[PDB]
Amino acid sequence: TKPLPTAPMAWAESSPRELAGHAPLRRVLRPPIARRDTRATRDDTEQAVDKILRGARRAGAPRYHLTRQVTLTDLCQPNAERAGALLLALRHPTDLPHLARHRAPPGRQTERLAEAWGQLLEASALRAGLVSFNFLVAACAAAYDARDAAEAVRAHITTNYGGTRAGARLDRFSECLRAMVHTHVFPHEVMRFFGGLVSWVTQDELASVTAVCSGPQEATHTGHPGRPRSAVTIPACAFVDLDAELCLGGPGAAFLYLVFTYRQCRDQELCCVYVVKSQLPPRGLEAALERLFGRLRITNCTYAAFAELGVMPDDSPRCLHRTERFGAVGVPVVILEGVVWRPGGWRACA
Amino acid sequence: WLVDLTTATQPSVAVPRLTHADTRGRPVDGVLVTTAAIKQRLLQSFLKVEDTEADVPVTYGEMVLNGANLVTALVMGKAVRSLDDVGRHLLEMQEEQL
Amino acid sequence: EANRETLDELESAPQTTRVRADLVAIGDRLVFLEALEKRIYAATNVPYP
Amino acid sequence: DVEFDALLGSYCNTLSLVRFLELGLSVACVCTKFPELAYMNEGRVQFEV
């Protein structure tokens, strides 16, 4: 409201160029081309009417594409997890038993994926829903490298998620994931990215989650007027850099990816979901997957599958590595800052 | 050794408009810049501080502009006056610089 | 001041005179139509270029 | 384009005018001048001891 650091205070208002650009156009002149040569409220609500006029007398500011979905609360819990997590949409699981009959190699149990998925519906009930990312880490927790922080993921899920026997949801869905790779229906063929959390609506057995399917993060008016701010949080088992592991320490915008690792063995099949931060082209990424993860190459068609997730627009991108609280549980959480979401498609194996 | 520093440089061309000086007004010929670890050393044994407050100029400089003066002048109609305005607007413009 | 003087001459100087020269209209354009071998090269062994 | 200017804070010292009679060496001379020396042949100086 017109302060006196004016040249910045007018600069934050959306300039002098728009005044000078309308000066030669509109402020001067008749040229373009011419001839030659009622005590407490009202005025409380009355200035609120004027606030609508203040909303109408005027109106950078980035854009979004907010999305909503009516979502069952079996697998994910938008109440237990705070605003600012990853989310994952799914295909409808009636396509699961038929595609396993044609994509699984000969000699493998194609009945296994339809049976393992059916046991999950009777275990979370003691309809294409949504998988939250923290729930997915405890499922693939039995394949990682840092196993203690994967148990820190498992420490809060069994105590904060709504439902009965959340550990039985975990150990059955992890059995579903071991039935995914065995029936060759890869989880990247099912897991689809759905935007980062901003808010949700509570209801019995289902929740209406809002999310940004494309755009930046922190300037969404969350609904809370004190804090329209919510940082992106990732557990420490999934956060993988390629600036430190490849000695690329230069500044530049850092991309964010999702990466699946596949190990194809007889009834011992591993799954690991990683969030890869990089300064690389997405076409200049598959060679970097060859250098690191050649161990799952031999034990297996590719072992890797990946897609874009978002971009950090910072010159020197800033990350945090803290221990936050999901209720009473201290989890080592990699908090990311300033993320501009742009999704993409997965990449192939067979 | 100090006396060698001071005499190794030949004086420079510029003569400033004003000159940093003492309280008494004696001018100042230059600036030693060291770490503090040395400065403490020198000020005990090897030197004496013969003034405390000095006088320093304030305003920056400016430049005198003799430029190349060019015109692009919108014109409506072609006649001598309209053309002489070119010659006129020149003088107007060169009258402005002074 | 010097430059003003020069603008003061070309302001006050005799501008144009009246001269006989053939002016033919071609297309829409006027033209000086001129052959110099009289006014110049006549009576001088310099060949007409 | 081209540009020009002049400082108002700093002025040069072009000439350093050294006079011989400002020096300490001018004791050891007797600086008497002719305005006519080139017209002169062998001049002589006498001593009586």
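Residues numbered from 1 in each chain as written, not as in the entry; some residues may be left out. Chains lettered and ligands numbered in written order. Part of a larger assembly, values for the part shown. Heavy atoms only, no water. Residues with missing side-chain atoms left out of burial classes, pairs and counts.

- Within the PDB entry, the label attached to chain C reads Major capsid protein, and the organism entered is Human herpesvirus 2.
- This deposition appears in the PDB under the title "Structure of the Herpes simplex virus type 2 C-capsid with capsid-vertex-specific component".

- Chain B has the name Major capsid protein in the PDB entry, where Human herpesvirus 2 is given as its organism.

## A closer look at the interface of chain B and chain C
- Listed as interface residues are six residues of chain B and, on the opposing side, five residues of chain C.
- Of the roughly 510 Å² buried between chain B and chain C on both sides combined, carbon and sulfur atoms contribute 48%.
- The largest contributions to the chain B side of the interface with chain C come from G87, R88 and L91 of chain B, which together make up 61% of the buried area.
- Across the chain B-chain C interface, the total number found is three salt bridges.
- At the junction of chain B with chain C, the criterion picks out two residue pairs in polar contact. (Contact = heavy atoms within 4.5 Å. Buried area = accessible area lost by both parts, 1.4 Å probe. Salt bridge = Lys/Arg side-chain N within 4 Å of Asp/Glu carboxyl O. Polar contact = N/O pair within 3.5 Å; in protein donor to acceptor, adjacent residues only side chain to side chain.)

## Some points on the nonpolar core
All names here are of chain A.
- Counting residues in each nonpolar core, the largest one holds 77 residues, and the members touching the most others are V131, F133, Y144, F173, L177, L336 and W341.
- Ranked by residues supplied to this core, first place goes to helix 8 (residues 166-182) with eight residues.
- Ignoring anything within four residues of it in the chain, the contact list for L177 reads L136, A139, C140, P187 and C271.
- Of all hydrophobic cores here, the second largest spans nine residues; its members include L87, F194, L197 and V209. (Core = buried A, V, L, I, M, F, W, Y, C linked by side-chain atoms within 4.5 Å. Buried < 20%, exposed > 50% of the residue type's maximum accessible area, 1.4 Å probe, protein only. Helix = DSSP H or I, 4+ residues; strand = E, 2+ residues; numbered from the N terminus.)

## Structural notes on the pattern of salt bridges
Residues and elements named next belong to chain A.
- Applying the stated rule across the entire model yields 12 salt bridges over all chains.
- Measuring nitrogen to oxygen at the nearest pair gives 3.7 Å for the salt bridge that ties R112 to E175.
- As a salt-bridge pair, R322 and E324 come within 2.9 Å of each other at their nearest N and O atoms.
- A relative accessible area of 38% places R322 in the partly exposed class.
- Taken together, the salt bridges that share partners define one network made up of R112, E175 and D267.

## Re the state of the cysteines
Residues and elements named next belong to chain A.
- In this structure the tally under the stated criterion is one disulfide over all chains.
- Unpaired in this structure, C319 has its nearest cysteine sulfur neighbour in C237, at a distance of 16 Å.
- On the accessibility criterion, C319 (21% relative accessible area) is partly exposed. (Disulfide = S-S within 2.5 Å.)

## Some details on the sheet that holds strand 7 (residues 232-235) of chain A
All names here are of chain A.
- Pairing in this open sheet of three strands is antiparallel, and the strands run 7-13-12 from one edge to the other. Lying at the two open borders of the sheet, with one neighbouring strand each, are strand 7 and strand 12 (319-326). Adjacent strand axes in the sheet meet at a mean angle of 45 degrees, parallel and antiparallel pairs treated alike.
- With eight bridges joining them, strand 12 and strand 13 (residues 329-336) adopt antiparallel strand pairing. Following the sheet pairing, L320 is matched in strand 13 by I335. (Pairing = 2+ DSSP bridges. Axes fitted to C-alpha atoms, helices over the stretch in contact; angles between N-to-C directions.)

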